């Protein structure tokens, strides 16, 4: 959801800090919010995506550098009579970004450029380790500080590669603690309001 540059306390778990934006959990949470928020407009009607439509779009932010509204249209098989609610369309307006895993592809590009990963391969790093990386580069900005956070968690050549290319900032409103419980409810096809009430 909303993002800001200063760290802060979580609104649901007040003892925990806000999750960094450029983490696997936060980017997946932002994607799930968008995915479940998306509505289709057509001939005066409004509708949300079917669970099939959402599942078809799910993994596409993770395989192309970017998910625009146009590729979503093509992949969903929408007719020209169908349009995306929220998109202003008074501009190609569907060239706009629907979702971009900036952190996922930043880490990939860093490992690819140094020779530790192939170009169109998926990122061979656990979600938890992607989270620690995004956190470290968001709370700390020097090699020394960042190394102190990651030196015992990931391999030396990987850290060298990240130190040479990665630059992250901004935080979401929810801690990683609450997100790691809200997200897999949103993955089963639940909205942001159900998951929060279901848990808090």
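Residue numbers count along the first chain shown, from 1.
Residue 121 preceded by how many uncoordinated deposited residues after residue 120: In the deposited sequence, nothing is left without coordinates between these two.
Test of understanding: from the entry's C-alpha B-factors, which stretch has the higher mean, 6-14 or 186-194? 186-194 has the higher mean C-alpha B-factor.
If you average the Cα B factors in the entry, which is higher, 36-44 or 49-57? Between 36-44 and 49-57, it is 36-44 that shows the higher mean C-alpha B-factor.
Member of 129, 78, 103, 116 with the greatest C-alpha B factor (per the PDB record): Reading the PDB entry, the winner on C-alpha B-factor is 116.
Considering every modelled residue of the chain and its Cα B-factor in the PDB entry, is residue 169 in the lowest, middle or highest third? Its C-alpha B-factor, which the entry lists for residue 169, ranks in the lowest third among residues of this chain.
B-factor third for the C-alpha atom of residue 141 within its chain: Ranked within chain, residue 141 CA B lands in the lowest tercile.
Where does residue 27 sit by CA temperature factor within its chain: lowest, middle or highest third? Lowest third.
When the deposited Cα B-factors of this chain's modelled residues are ordered and cut into thirds, is residue 159 in the lowest, the middle or the highest one? Its C-alpha B-factor, which the entry lists for residue 159, ranks in the middle third among residues of this chain.
Should residue 151 be placed in the lowest, middle or highest third of its chain by the C-alpha B factor in the entry? Ranked within chain, residue 151 CA B lands in the middle tercile.
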